[PDB]
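Below is one structure, written out as structure tokens; comments come after it.
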Amino acid sequence: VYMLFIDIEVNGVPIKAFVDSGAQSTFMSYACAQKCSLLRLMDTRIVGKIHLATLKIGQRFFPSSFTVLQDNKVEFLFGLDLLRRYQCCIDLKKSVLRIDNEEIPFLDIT
Amino acid sequence: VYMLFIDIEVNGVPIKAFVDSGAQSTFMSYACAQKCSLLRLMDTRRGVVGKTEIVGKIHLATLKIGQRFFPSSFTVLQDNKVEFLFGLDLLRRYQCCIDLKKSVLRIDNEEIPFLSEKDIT
Amino acid sequence: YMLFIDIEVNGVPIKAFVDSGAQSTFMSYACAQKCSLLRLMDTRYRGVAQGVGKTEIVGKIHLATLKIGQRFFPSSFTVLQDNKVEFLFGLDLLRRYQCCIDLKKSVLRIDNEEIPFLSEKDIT
Amino acid sequence: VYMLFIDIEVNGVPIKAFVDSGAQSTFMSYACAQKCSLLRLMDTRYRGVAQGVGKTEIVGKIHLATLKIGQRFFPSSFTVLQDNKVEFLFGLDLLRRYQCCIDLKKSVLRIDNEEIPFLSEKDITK
Amino acid sequence: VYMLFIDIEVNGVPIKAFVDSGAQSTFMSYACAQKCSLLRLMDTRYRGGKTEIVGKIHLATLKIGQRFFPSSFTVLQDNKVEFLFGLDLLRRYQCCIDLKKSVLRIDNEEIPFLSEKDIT
Amino acid sequence: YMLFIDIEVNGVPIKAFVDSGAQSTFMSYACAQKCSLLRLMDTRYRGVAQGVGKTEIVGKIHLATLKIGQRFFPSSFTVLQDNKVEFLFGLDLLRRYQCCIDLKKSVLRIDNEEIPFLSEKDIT
């Protein structure tokens, strides 16, 4: 998998999520916020905070809070906040993210 | 466990390993290299504002995680961020699972617990 | 003052800058936003951060419908952050459709059809 | 034909001319100017003291030189630059002056009535 | 003595200490910390030029002249000087910077300021 | 919080910052204006290559009379735009008068005479 990515959807839009256990906080790029029509949901705090958005990871939907930044390092960084909030396993034997009992396979990058 | 740490040993020396799925490459600080007496063990090596370039590479050091021993290669840096950064290279090389349900690193079939906030600053 | 053509991409009117010196066709991110093509992209990118200029690839549109004259053309192009020009019609597409830049008649001859180059009023 | 090139001769010297409809002005490199013995033909007309950061701007202008494209000869005005990126850039100025057609069907430049073929990758360096 | 330097020792290692009454705080270069093997002693306290703060040495043994002194200092990545002897330590040991005799008088003992040869 | 002394330059009371780490003595332009020394100056400066502070040199006062305690001293210094301190008493003058910065007694001993370092209240 070379670096760890997952397919997720935010507000219905397909997104490649970078799985980083070393990041305290989940971020989405401003450009990704623009692509997902989430700009209308923003804060006055770093571009702003999304207080709640719908994530579709596998077959299940998750309520999520994250920060929007101007940096396009990745479109979406799935950080330790969300990793632990949904009690995930980063399984590099099976190459999957196991969230609830469900396994989401690691990715489709260039 | 506000960040993921594990207790491991390199060449017999107890170390706190920072577990980072977002790092392509495993690094150890020069100070930790000094504490593990691995300075004499080095290699040559990055072309021509950060990441602190390189001191050298350790071709092999033996890691003890749980009751099992692992061969490792990593880079030594002057960067003091953490004593040892357990990156995606080693995470996948030993086919680890970062289990945040049970709060353990499952390496072979064995489970190594993530350290409490007390064990860290 | 340079060569422009009126085209449409996914139904949106565009002024295309005709450049035989460019290996690749590009559209600005702002034009990509105007044409609602942000969700239409790839993982196309420019390595890790060496070269000192322009800006770099935002992503690639694998296929989009171009309307030039009366005829419709399938196209691929890259999106960039630089707004220098909204759309650069490059040598990739110039040769893909075997276009002729006719500066005698001042037309782009795509197939047998001729598209006139724009007058300075049709440009700002 | 990884880009569009033509064989031309300027002041008798064989050159590979890069055909660019997106350049407002025809340019020759200083090195090409020296190899074509055009240096004794130069002017003081230049790019001032307000500058950019990269393009090594203007050495001077050649008010007229003979181009041989195919069997015909053409009078030409162009600018010399220090940038050796390409030897000679045949720009929109000259493209329109001789009412050229860039034919990518036949892979030729049609300039007065004659057709001049675009160069193969062999005729161009590594 | 184109600036004021003193010979001192930290954890046994000879160092050239730059005497600065204008610096609130004593600092050592990371390079000097490495050469003195004080790396295993670092708190790793930071701040939220001279590449800012690496970490703090809460206590290290300084030999100035024939006496030994307990010292606290910060380590920085800046190589400006190997060791900056600041006002903190200057006053803590009630030193006199004597430019008549060209000495640092720490206790009753006098440590001579170094000749330009002993420096670049 | 630091070492200050009361001095006079050309008759004007000044708070002098004592810095053994500074090679050269400097005075701010505002202090030069307060000491009526602006018309008395030279064309001294530091070239073309620099850093991102110190505000560079305005010029040199070749001689000004310093009163430290009961005794009077000839001095040279540079004027800067920087208001870091009004007057920085550097190693040049520290050694020129063979001063002792005595932190046991908290005094500057310039000859046999001792000038006390200022209390935090005497600083603003």
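Chains as they are written, first to last, in our numbering: chain A, 10 to 119; chain B, 73 to 193; chain C, 477 to 600; chain D, 13 to 138; chain E, 108 to 227; chain F, 477 to 600.
Every residue, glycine too, gets a C-beta built ideally from N, C-alpha and C.
ask   = How big is the Cα-Cα spacing for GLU69/D and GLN63/D?
value = Position 57 of the fourth sequence, counted from the start, is the residue given in the question as residue 69/D. Position 51 of the fourth sequence, counted from the start, is the residue given in the question as residue 63/D. Taking the straight line joining both Cα atoms gives about 8 Å.
message = Short of 7 Å Cβ to Cβ, which residues in the segment 504-529 of chain C face chain A?
response = Result list: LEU514, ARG515, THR519, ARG520, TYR521.
inquiry  = I want to verify the contact list: residues of chain E whose CB lies under 9 Å from the CB of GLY497/F, in sequence order.
reply    = Translated into the one-based positions of the sixth sequence, residue 497/F becomes position 21. The answer, in chain order, is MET110, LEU111, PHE125, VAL126, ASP127, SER128, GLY129, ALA130, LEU191, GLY193.
query = Counting Cβ pairs, one atom from each stretch, are 3 or more of them under 8 Å apart for the segment 152-161 of chain B and the segment 79-89 of chain B?
reply = With contact defined as three or more Cβ pairs closer than 8 Å, the segment 152-161 of chain B and the segment 79-89 of chain B are in contact.
key: Interface positions of the segment 162-173 of chain E facing chain B (Cβ-Cβ less than 8 Å), listed along the chain   = For the segment 162-173 of chain E, the set of residues with a beta-carbon nearer than 8 Å to any beta-carbon of chain B comprises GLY162, in chain order.
message = Between which residues of its own chain and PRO592/C is the CB-CB distance below 7 Å, once the five residues before and five after are set aside?
response = Position 116 of the third sequence, counted from the start, is the residue given in the question as residue 592/C. These residues qualify, in order along the chain: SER582, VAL583.
inquiry  = Just to check my reading of the structure: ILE20/D and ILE114/D have Cβ atoms closer than 8 Å, yes? What is that Cβ distance to the nearest angstrom?
reply    = Walking along the fourth sequence from the start, residue 20/D turns up at place 8. Walking along the fourth sequence from the start, residue 114/D turns up at place 102. Not confirmed; about 15 Å, so no contact.
ask   = What whole-angstrom Cβ distance do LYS536/F and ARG515/F have, given they're in contact under 8 Å?
value = To locate residue 536/F, count along the sixth sequence from 1; it is residue 60. To locate residue 515/F, count along the sixth sequence from 1; it is residue 39. No, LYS536/F and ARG515/F are not in contact; Cβ-Cβ is about 14 Å, not under 8 Å.
task = Please report how far the alpha carbon of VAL77/A lies from the alpha carbon of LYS44/A, in whole angstroms.
result = If you number the first sequence from 1, residue 77/A lands on position 68. If you number the first sequence from 1, residue 44/A lands on position 35. Straight-line Cα distance between these residues: approximately 13 Å.
inquiry  = Using 9 Å as the threshold, is the C-beta distance between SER132/E and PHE176/E below it?
reply    = As a working mapping, residue 132/E is identified with position 25 in the fifth sequence. As a working mapping, residue 176/E is identified with position 69 in the fifth sequence. Going by C-beta atoms, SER132/E is not nearer than 9 Å to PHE176/E.
request  = Would you decide whether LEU132/B is buried or exposed? Buried here means 16 or more other CB atoms lie within 10 Å of its CB.
outcome  = The count along the second sequence starts at 1 and reaches residue 132/B at position 60. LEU132/B counts as exposed, since fewer than 16 other C-beta atoms from the protein chains shown sit within 10 angstroms of its C-beta.
task = Give a yes or no on whether the minimum CB-CB distance between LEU78/A and chain B is below 9 Å.
result = Locating residue 78/A in the first sequence gives position 69, counting from the first residue. The Cβ of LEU78/A sits no closer than 9 Å to any Cβ of chain B.
inquiry  = In whole angstroms, give me the CA-to-CA distance for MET503/C and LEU104/D.
reply    = On the third sequence, residue 503/C is found 27 positions in, with the first residue counted as 1. On the fourth sequence, residue 104/D is found 92 positions in, with the first residue counted as 1. Looking at the two C-alpha atoms, the distance is approximately 22 Å.
request  = Output yes or no for whether 9 Å exceeds the beta carbon distance between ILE586/F and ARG547/F.
outcome  = Position 110 of the sixth sequence, counted from the first residue, corresponds to residue 586/F. Position 71 of the sixth sequence, counted from the first residue, corresponds to residue 547/F. Cβ distance < 9 Å, so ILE586/F and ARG547/F count as in contact.
Near-chain B residues of the segment 94-109 of chain A - C-beta to any C-beta below 7 Å = Near chain B, meaning a CB-to-CB distance below 7 Å, the residues of the segment 94-109 of chain A are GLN96, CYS97, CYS98, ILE99, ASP100, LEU101, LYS102.
Continuous beta strand (DSSP E) stretch holding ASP578/F: start and end = Taking the first residue of the sixth sequence as position 1, residue 578/F is located at position 102. Its beta strand (DSSP E) spans residues 576-578.
ask   = For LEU92/A versus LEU172/B, is the C-beta distance shorter than 9 Å?
value = Numbered from 1 along the first sequence, position 83 holds the residue referred to as residue 92/A. Numbered from 1 along the second sequence, position 100 holds the residue referred to as residue 172/B. Contact flag set, yes.
key: Beta-carbon gap between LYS224/E and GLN184/E smaller than 9 Å   = For the purposes of this step, residue 224/E is taken as the residue at position 117 of the fifth sequence. For the purposes of this step, residue 184/E is taken as the residue at position 77 of the fifth sequence. Between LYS224/E and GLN184/E, the CB-CB gap reaches or exceeds 9 Å.
ask   = Which of the three DSSP states, helix, strand or coil, is assigned to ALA492/F?
value = For this step, residue 492/F is matched to residue 16 along the sixth sequence. DSSP places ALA492/F in strand when its eight states are reduced to three.
request  = My understanding is that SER496/C touches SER33/D, with C-beta atoms under 8 Å, so please give their C-beta distance in whole angstroms.
outcome  = As a working mapping, residue 496/C is identified with position 20 in the third sequence. As a working mapping, residue 33/D is identified with position 21 in the fourth sequence. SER496/C to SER33/D, Cβ: 4 Å. Contact.
query = Going by beta carbon distance, what residues of the same chain come within less than 8 Å of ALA506/C, once the five residues before and after it are set aside?
reply = Residue numbering aside, residue 506/C sits at position 30 when the third sequence is read from its first letter. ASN559, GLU562, listed in sequence order.
ask   = On the premise that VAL22/D lies in contact with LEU79/D, defined as a C-beta separation below 8 Å, what is that separation, rounded to the nearest angstrom?
value = Looking up residue 79/D in the fourth sequence gives position 67. Looking up residue 22/D in the fourth sequence gives position 10. Sure, about 6 Å apart at Cβ, within 8 Å.
query = For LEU131/D and chain C, any beta-carbon pair shorter than 9 Å?
reply = Locating residue 131/D in the fourth sequence gives position 119, where the first residue counts as 1. False, the Cβ-Cβ gap to chain C never drops below 9 Å.
query = What first and last residue would you give for the alpha helix (DSSP H) that runs through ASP568/C?
reply = Along the third sequence, read from residue 1 onward, the residue named residue 568/C stands at position 92. For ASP568/C, the enclosing alpha helix (DSSP H) has its first and last residue at 567-572.
query = Can you give the Cα-Cα distance for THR137/D and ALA498/C, rounded to whole angstroms?
reply = Taking the first residue of the fourth sequence as 1, we reach residue 137/D at position 125. Taking the first residue of the third sequence as 1, we reach residue 498/C at position 22. Cα to Cα, the separation comes out at about 19 Å.
key: Close beta carbons around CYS112/D, own chain, < 7 Å, minus the five adjacent residues each side   = The sequence position of residue 112/D within the fourth sequence is 100, counting from 1. Closer than 7 Å at the Cβ level, and outside the excluded window around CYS112/D, lie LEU121, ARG122, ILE123.
query = Is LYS97/D helix, strand or coil by DSSP?
reply = Position 85 of the fourth sequence holds residue 97/D. Secondary structure of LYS97/D (DSSP, three-state): coil.
message = What does the alpha-carbon distance come out to for the pair residue 601/C and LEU145/E?
response = No answer is possible for residue 601/C: the residues shown for chain C start at 477 and end at 600.
message = Given this structure, state the Cα-to-Cα distance separating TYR95/A from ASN110/A, to the nearest angstrom.
response = Taking the first sequence and counting its residues from 1, the one referred to as residue 95/A is at position 86. Taking the first sequence and counting its residues from 1, the one referred to as residue 110/A is at position 101. Taking the Cα positions, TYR95/A is about 11 Å away from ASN110/A.
query = Could you give the distance in angstroms between the alpha-carbon of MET149/E and the alpha-carbon of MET517/F?
reply = For the purposes of this step, residue 149/E is taken as residue 42 along the fifth sequence, with counting starting at 1. For the purposes of this step, residue 517/F is taken as residue 41 along the sixth sequence, with counting starting at 1. Distance between the alpha carbons of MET149/E and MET517/F: 50 Å.
inquiry  = The beta strand (DSSP E) that contains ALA525/F, what's its start and end?
reply    = Position 49 of the sixth sequence holds residue 525/F. It is not in any beta strand (DSSP E) - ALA525/F carries neither H nor E in the DSSP assignment.
Outcome for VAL528/C when other beta-carbon atoms lying within 10 angstroms are tallied against a minimum of 16 = For this step, residue 528/C is matched to residue 52 along the third sequence. The residue is exposed, with fewer than 16 neighbouring Cβ atoms inside 10 Å.
Contact with chain C by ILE17/A, beta-carbon distance below 9 Å = Within the first sequence, residue 17/A is the residue found at index 8, counting from 1. So, not an interface residue.
query = So what does DSSP say about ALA498/F, is it helix, strand or coil?
reply = Numbered from 1 along the sixth sequence, position 22 holds the residue referred to as residue 498/F. Taken through DSSP and simplified to helix, strand or coil, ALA498/F comes out as coil.
query = For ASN83/B and chain E, any beta-carbon pair shorter than 9 Å?
reply = Translated into the one-based positions of the second sequence, residue 83/B becomes position 11. Using beta-carbon distances, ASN83/B does not count as an interface residue toward chain E, since no partner is under 9 Å.
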